Number of protein chains: 2
Amino acid sequence: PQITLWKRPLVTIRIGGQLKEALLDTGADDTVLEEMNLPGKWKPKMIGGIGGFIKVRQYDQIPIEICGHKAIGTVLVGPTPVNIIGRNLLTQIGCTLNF
Amino acid sequence: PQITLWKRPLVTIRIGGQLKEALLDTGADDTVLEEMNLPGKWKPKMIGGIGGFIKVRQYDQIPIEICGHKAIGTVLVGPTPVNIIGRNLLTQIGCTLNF
Ligand SMILES: CC[C@H](C)CN(C[C@@H](O)[C@H](Cc1ccccc1)NC(=O)OCCNC(=O)C(Cl)Cl)S(=O)(=O)c1ccc(OC)cc1
């Protein structure tokens, strides 16, 4: 599909058995999801943007479906204000920018 | 062009007559540039990101050439980690996401 940018590019994702709305975010290196109690091992990480850094939990090889396209990779979980799909998964679903 | 996402979508922009590198950032509503001088009046504003809020200078109706495409719109100037081109200008240059 083609998604214009008049509004926030929010799509439905499926992860850890939950459906959520998330931003398709070309500005994000990594994928960052709102706090959720995922099972498995994780590693601490800090990620930074406007305002400063937040503490997140890094989970690897997590299956995630984005707008009906399957992907699997690293997901960062913590107190982000919005669910963010980053380039690590955008590449997996063949997402490009076009103008 | 069509831009894939294995690397950061960095492009050259021209603004206030000077060249800079900036990130095409679909997760950003607004365009935020690192501290710089721009001509004309500005308004004090605040803007949010993943780590909290920052103070910015809002410049309206500013021309900016982004990877060879003209836009004229609002530019926020402040302590962003990276120059980011947000949706307000991505729409002007006809940018969409495709997968
Ligand atoms: C300063 C941008 C920075 C280079 C990347 N950011 C991704 C942006 O697209 C960010 C997404 C976001 C949107 C809304 C709330 C929180 C994060 N957007 C952003 O910072 O917009 C800045 C101006 N704000 C606005 O336009 C509105 Cl949406 Cl508040 S991010 O969320 O901080 C981020 C995401 C992933 C990541 O992995 C390393 C590291 C940082």
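Residues numbered from 1 in each chain as written, not as in the entry; some residues may be left out. Chains lettered and ligands numbered in written order. Heavy atoms only, no water. Residues with missing side-chain atoms left out of burial classes, pairs and counts.

- Structure determination for the deposited model, as stated in its record, used X-ray crystallography, and the stated resolution is 1.7800 Å.

**Section: the site of the ligand**
Phase 1 of the analysis: Near the ligand there are 24 residues, and of these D25 of chain A together with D25, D29, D30 and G48 of chain B occur at the shortest range.
Phase 2 of the analysis: At the site occupied by the ligand, the surrounding residues belong to chains A and B.
Phase 3 of the analysis: In this structure, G27 of chain B approaches the ligand through a main-chain N or O atom, which is 3.3 Å from a nitrogen atom.
Phase 4 of the analysis: Protein contact buries 90% of the 790 Å² of open area that the ligand shows by itself.
Phase 5 of the analysis: Secondary-structure elements contributing two or more residues to the shell around the ligand are β5 (43-49) of chain A together with β5 (43-49) of chain B.
Phase 6 of the analysis: In terms of residue count, β5 of chain B provides more of the shell around the ligand than any other element does, three residues in total.
Phase 7 of the analysis: Looking at the shell around the ligand residue by residue, the classes come out as 11 nonpolar, six polar and seven charged. (Near = heavy atom within 4 Å. Polar contact = N/O pair within 3.5 Å; in protein donor to acceptor, adjacent residues only side chain to side chain. Areas by Shrake-Rupley, 256 points an atom, 1.4 Å probe, with all protein chains shown as cover. Helix = DSSP H or I, 4+ residues; strand = E, 2+ residues; numbered from the N terminus. Nonpolar A, V, L, I, M, F, W, Y, C, P; charged D, E, K, R; others polar.)

**Description of the side chain of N83 of chain A**
Residues and elements named next belong to chain A.
Phase 1 of the analysis: Residue position: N83 is located in the loop between β7 (69-78) and β8 (84-85).
Phase 2 of the analysis: Relative accessible area serves as the criterion here: at 5%, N83 is assigned to the buried category.
Phase 3 of the analysis: Only 2.8 Å separates the side chain of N83 from the backbone nitrogen of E34, close enough to count as a polar contact.
Phase 4 of the analysis: What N83 contacts, discounting residues up to four positions off in sequence, is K20, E21, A22, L23, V32, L33 and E34. (Buried < 20%, exposed > 50% of the residue type's maximum accessible area, 1.4 Å probe, protein only. Contact = heavy atoms within 4.5 Å.)

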